[PDB]
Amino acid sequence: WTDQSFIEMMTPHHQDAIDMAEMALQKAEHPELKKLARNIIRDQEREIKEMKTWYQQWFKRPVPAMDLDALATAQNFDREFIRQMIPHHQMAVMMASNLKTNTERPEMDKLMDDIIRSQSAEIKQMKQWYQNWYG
């Protein structure tokens, strides 16, 4: 990944996670999942805003433009949320780790560190909840 291609892909990747998290505010069963959802929304919205600002600074143009149905209809919202969000988070951590070895920009080094750290911790939490709730 390059700084440009990362932002182009991570922007809608984040938006997908935010959309799923927004549904959780309505439909999550366990209060732990709603709390996670609020954190995802807060952090990933902030990161989209930063990436948008930087993209335009660096490239002098604006940033160019999962299964929500399956989530909405699942018997266990929380199970389906975790099923989809764990691999999604894993992909974000993968993208960030790769960009971190390619970039020279301190804005991006710090953002990658944040993505890797926060999303890895959220994966661990979701894995444990899944065992507790469904194992």
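Throughout, we count residues from 1 along the sequence that is shown.
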Deposited residues lacking coordinates between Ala65 and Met66 (none, 1 to 3, 4 to 9, 10 or more): 10 or more
Looking only at CA atoms, which has the higher mean B factor in the entry: 93-101 or 76-84? 93-101
Residue with maximal Cα B-factor (values as given in the PDB entry) among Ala70, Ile48, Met108, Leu36: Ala70
Based on the deposited C-alpha B factors for this chain, I'd like to know if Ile40 is in the lowest, middle or highest third. middle
Within this chain, which third does the Cα B-factor at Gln57 fall in: lowest, middle or highest? lowest
Which third, lowest, middle or highest, does the C-alpha temperature factor of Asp113 belong to within its own chain? middle
Ranking the modelled residues of this chain by C-alpha B-factor as given in the entry, is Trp129 in the lowest, middle or highest third? lowest
